[PDB]
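Below is one structure, written out as structure tokens, with a few remarks after it.
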Amino acid sequence: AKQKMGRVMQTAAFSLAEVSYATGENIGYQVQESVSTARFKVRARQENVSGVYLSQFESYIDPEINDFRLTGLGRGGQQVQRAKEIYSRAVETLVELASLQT
Amino acid sequence: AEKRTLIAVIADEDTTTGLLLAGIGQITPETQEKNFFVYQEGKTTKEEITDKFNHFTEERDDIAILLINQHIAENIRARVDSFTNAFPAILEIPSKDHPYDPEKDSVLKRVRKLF
Amino acid sequence: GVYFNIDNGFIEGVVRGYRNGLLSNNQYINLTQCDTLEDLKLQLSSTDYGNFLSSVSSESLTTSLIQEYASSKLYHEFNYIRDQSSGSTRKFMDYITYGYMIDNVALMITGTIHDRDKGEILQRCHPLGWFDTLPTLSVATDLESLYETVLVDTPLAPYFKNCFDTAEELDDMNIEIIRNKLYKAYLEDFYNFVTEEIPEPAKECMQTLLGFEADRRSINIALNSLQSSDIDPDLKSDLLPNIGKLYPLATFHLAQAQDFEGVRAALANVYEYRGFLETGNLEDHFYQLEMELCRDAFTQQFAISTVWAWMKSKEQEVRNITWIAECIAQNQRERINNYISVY
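Protein chains in written order, with the entry's author numbering: chain M, 53 to 154; chain N, 2 to 116; chain d, 3 to 345.
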């Protein structure tokens with residue numbers, strides 16, 4: 053999953069930069085100002101793996117608001133979807149790492 | 002602990018932008034803060050990066066994971082001990098401007114050494 | 003058109019020579035087979051850009067860096083064209099700058115609602131849309147100060163006084179509302195300007211190309227404004243350019259288009275946009291149409307709109323260069339050929 057997540061991260065970076073190409077200049081500060089609310093989060097969970105209460109966090113995107121990508125060009129939605137898939141993959145990797153440590 | 006989104010303190014600017022686009026940051030009206038630190042790679046001091054990493058990993062009480070994507074030595078040195086108590090402060094090494102080689106990955110190094 | 007060459011003749015000649023420097027499809031193919039970014043610059047030095055990127059080490063080279071440097075040389079040259087001409091053409095090139103200026107001022111609005119930082123915000127401003135009072139406008143301590151300093155001693159004043167009233171800006175989202183409606187005011191003023199003082203055929207080409215840009219902005223607004231519902235259609239109707247060529251018979255339906263079904267029904271009504279949104283990404287279709295109209299502009303030989311055509315063409319060209327550089331640096335070779343330019 054180290055190389056899998058590296059591949060997925062570079063895919064997400066390409067998608068975001070393609071959205072930037074769609075919207076002229078970089079998403080930059082317009083994207084940065086949308087840090088008011090988080091569209092993705094790691095929900096709390098506890099899975100008893102082999103009798104040990106491992107704290108494997110479960111990724112859960114926010115279903116209430118997704119306005120952080122509502123700006124500029126239409127490719128922002130596709131870029132947000134690619135980045136959300138990448139975030140889900142990375143959250144799975146982080147949950148596996150936490151399980152490994154515990 | 003309470004759920005939180007992964008921080009990108011030690012990630013690249015592009016990685017931070019991607020995380021923000023995905024929605025991996027939330028505001029903190031209590032102190033005008035945010036769930037993700039500024040990825041000022043090549044501009045912020047190493048001590049500042051270490052302080053931000055400590056604040057996200059020790060001062061913060063939420064369950065936010067962390068991003069160390071191609072992090073500078075300011076985070077590489079800290080990662081030898083920051084992995085302890087991986088909850089609520091988780092750690093990870095995404096991709097960044099520099100390639101995300103597994104050679105510098107502390108978690109991968111520990112996993113290999115345990116073998 | 004014989005009076006055109008009274009003063010713009012030197013500008014015309016230099017811009018046509020610059021068109022001679024535009025990148026062709028064959029050298030796009032040549033740049034495609036390149037495998038590494040330093041190989042990309044090595045082959046690009048053979049092109050019009052020359053040794054522009056010889057000041058950076060290979061390890062420090064990035065797609066963002068090459069984007070910035072190519073856009074920087076283009077901006078140097080556009081500023082040269084702007085200050086090497088006077089009169090109606092001078093005002094025309096100012097209006098060309100004014101769109102980037104609108105984007106830049108809208109960016110500066112952020113940073114005033116919340117005052118996190120100023121200097122980096124000012125530096126990261128892209129330099130094409132610069133005007134004199136930008137540094138003064140940057141030290142604004144609140145929305146009010148920017149509001150007054152933008153209504154005096156800057157071309158922002160007419161649009162702001164037309165659209166805003168005593169800085170009622172906090173309630174409105176910048177990018178979705180403050181930026182786009184301001185862009186609309188700019189676009190209406192520019193279309194008007196072309197309609198009074200431009201001569202034929204610059205008129206007959208610039209008016210339809212500006213209408214196309216209005217249509218593209220309108221369609222982008224319509225599609226991006228249906229995911230959320232807090233943009234009420236009356237504001238959406240106001241937000242749409244209200245001038246172009248699909249106005250009004252298509253603009254009205256777009257204003258009342260509530261979903262993707264409504265926008266597909268409305269936009270497909272006009273002839274040259276049928277299936278435009280049905281297949282693929284809007285980026286490719288819209289840029290293809292934009293480059294076709296620019297090529298159309300170049301076909302005319304005496305016309306002011308040749309400078310617009312050239313610098314849109316070069317901007318889209320540097321965008322293609324960035325696309326190739328990114329699709330070779332970030333791998334994913336299956337999307338190299340997305341480049342749009344036709345020359």
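Don't be surprised by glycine CBs; every beta carbon is placed ideally from N, CA and C.
*Nearest-angstrom beta carbon gap, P137(d) and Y100(d) [assumed within contact, 8 Å]*: Rounded, the Cβ-Cβ distance is 19 Å, inconsistent with contact.
*Could you tell me whether any Cβ in chain N is nearer than 8 Å to the Cβ of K54(M)?*
yes
_Burial state of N339(d), where buried means 16 or more other Cβ atoms lie within 10 Å_ = exposed
*What's the gap between the Cα of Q27(N) and the Cα of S227(d)?*
23 Å
_Less than 8 Å between CB atoms is the rule here; does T75(M) satisfy it with respect to chain N?_
no
*chain M beta carbons: is any one of them nearer than 8 Å to that of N222(d)?*
yes
_Span separating the alpha-carbon of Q133(M) from that of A204(d)_ = 42 Å
*Using 8 Å as the limit for Cβ to Cβ distance, is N118(M) near chain N?*
yes
*Report, in whole angstroms, the separation of the C-beta atoms of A257(d) and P235(d), which I expect to be a contact under 8 Å.*
5 Å
*Can you list the alpha helix (DSSP H) stretches of 4 or more residues lying completely in the region 223-294 of chain d, in chain order?*
235-241, 253-258 and 262-269
*What is the DSSP secondary structure of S111(M), counted as helix, strand or coil?*
strand
*For chain N, find out if any of its Cβ atoms is closer than 8 Å to the Cβ of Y105(M); answer yes or no.*
no
_If you measure between the beta carbons of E14(d) and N7(d), is that distance less than 8 Å?_
yes
*If you check the beta carbons only, do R5(N) and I77(N) fall under 8 Å apart?*
no
*Along chain d, which residues have their Cβ under 7 Å away from the Cβ of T123(M)?*
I177 and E178
*Three-way DSSP call (helix, strand, coil) for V94(M) in this model*: strand
_Tell me the DSSP secondary structure of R5(N) in three-state form._
strand
_Residue closest to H287(d), alpha-carbon to alpha-carbon, out of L139(d), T49(d) and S343(d)_ = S343(d)
*Closest to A74(N) by CA distance: which of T85(N), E31(N), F84(N) and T51(N) is it?*
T51(N)
*State the DSSP-derived secondary structure class of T49(d), mapped to helix, strand or coil.*
coil
*asked:* According to DSSP, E34(N) sits in a beta bridge with which residue or residues?
replied: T29(N)
*Does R276(d) come within less than 8 Å of chain M when only Cβ atoms are used?*
no
*If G24(N) sits next to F92(M), beta carbons under 8 Å apart, how far is it from one beta carbon to the other, in whole angstroms?*
5 Å
*Under 8 Å between the Cβ atoms of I66(N) and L7(N)?*
yes
*Could you work out which residues of chain M lie near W325(d), taking near to mean beta carbons separated by less than 7 Å?*
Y73
*Which same chain residues, not among the five before or five after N10(d), have their C-beta less than 8 Å away from its C-beta?*
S87, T91 and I306
*So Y345(d) and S26(d) are in contact, right, with Cβ under 8 Å, and what is the actual spacing, rounded?*
5 Å
_Entirely enclosed alpha helix (DSSP H) segments - the region 123-178 of chain d, minimum 4 residues_ = 136-140, 145-152 and 159-165
*Would you mind reading off the limits of the beta strand (DSSP E) that contains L68(N)?*
Where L68(N) is concerned, there is no enclosing beta strand (DSSP E), given that its DSSP letter is neither H nor E.
*Let me know if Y82(d) comes out buried or exposed under the rule of 16 or more other beta-carbons within 10 Å of its beta-carbon.*
exposed
*Return the CA-CA distance between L184(d) and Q318(d), expressed in angstroms with no decimal places.*
23 Å
_Counting C-beta neighbours from all protein chains within 10 Å, is the total for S56(d) 16 or more, i.e. buried, or is it exposed?_
exposed
*With 16 other CB atoms within 10 Å as the buried threshold, where does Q303(d) fall?*
exposed
*Reference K186(d); option with closest CA among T168(d), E171(d), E199(d) and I245(d)*: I245(d)
*asked:* Determine, for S88(M), whether the minimum Cβ-Cβ distance to residues of chain N falls below 8 Å.
replied: yes
*Per-residue burial, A311(d) [other beta carbons within 10 Å of its own, 16 or more giving buried]*: buried
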